[PDB]
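A.B. asks: the amino acid sequence is not available; the structure is as follows:
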RNA sequence: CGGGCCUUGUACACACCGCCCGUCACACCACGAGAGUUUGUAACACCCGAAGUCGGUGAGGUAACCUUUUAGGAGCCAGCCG
Ligand SMILES: [Mg+2]
Ligand SMILES: [Mg+2]
Ligand SMILES: [Mg+2]
């Protein structure tokens, strides 16, 4: 990729994010604005993908909520995320965990790493 | 044709101008059948699997106790797994 696009966008890259990879469990603290009030909704879930480069990098987290799978895809460097905290590092064998979309319950379990 | 007497059969006794059977028509009621539709009951097979007990683990943590004292150790426990 152009150094020029890299240079224009460098200022908007967040530095405060922890290293995570697909299979890690995050709590993503999302700024939310229902009404005029501002509050933090937490989205806890498995990272199922992380694609793209630089300011365009996104990640997707998946949770089962009330018996329904939910995925939220965020720009890595969105200012709408207050913070990300890694709950547990998973042991997976690939970059994209789309096979989890078809699994529920015990079949959908990811082993932890001592990282 | 009307009547009299004996006898006999009779489901007749308003007493044969008696009684009475089945369809058909009409109304109402209950019931059966009926392409189906719908509601519920008790099971069964498989999938999934909470809580909890129990059994594994426990590289993590750990007032009481043993050895010793800045300690290991025992036992305990979170978590994990069945
Ligand atoms: Mg990548
Ligand atoms: Mg005479
Ligand atoms: Mg009927």
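C.D. replies: Everything's here; your move. Numbering: from 1, shown residues only, chains lettered A, B, ... in the order given. Ligands and ions are numbered 1, 2, ... in the order given.
A.B. asks: nearest residue to residue A:71 other than its sequence neighbours?
C.D. replies: Closest residue in space to residue A:71, ignoring its immediate chain neighbours: residue A:62 at 4.8 Å, by Cβ to Cβ, 6 or more residues apart in numbering. C-beta: built from backbone N, CA, C; applies to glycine.
A.B. asks: would you mind measuring from the one you found to RNA strand B?
C.D. replies: 16 Å (Cβ to the nearest atom of the strand, to the nearest Å).
A.B. asks: what about stretch A:1-11, distance to the chain center?
C.D. replies: Chain-centre distance of stretch A:1-11: 23 Å, with Cα atoms, centre = their mean, to the nearest Å.
A.B. asks: give me the contact list for it.
C.D. replies: Contacts to stretch A:1-11, defined as Cβ atoms under 8 Å, 6 or more residues apart in numbering, come from residues A:53, A:54, A:55.
A.B. asks: list the contacts for the second one?
C.D. replies: With contacts taken as Cβ under 8 Å, 6+ apart, residue A:54 has the following neighbours: A:1, A:5, A:6, A:9, A:13.
A.B. asks: isn't the residue nearest to residue A:71 up against residue A:68?
C.D. replies: No - using Cβ atoms under 8 Å, residue A:62 is not in contact with residue A:68; the gap is 11.2 Å.
A.B. asks: those two: which is more packed in?
C.D. replies: For the pair residue A:62 and residue A:68, the greater number of neighbours falls to residue A:62 (20 against 7), based on other Cβ atoms under 10 Å.
A.B. asks: for whatever residue of chain A ends up closest to RNA strand B, grab the count of nearby residues.
C.D. replies: Nearest residue of chain A to RNA strand B: residue A:105, at 2.3 Å (Cβ to the nearest atom of the strand). When neighbours are counted by other Cβ under 10 Å, residue A:105 registers 7.
A.B. asks: do you know how far it is from residue A:45?
C.D. replies: 15 Å (Cβ to Cβ, to the nearest Å).
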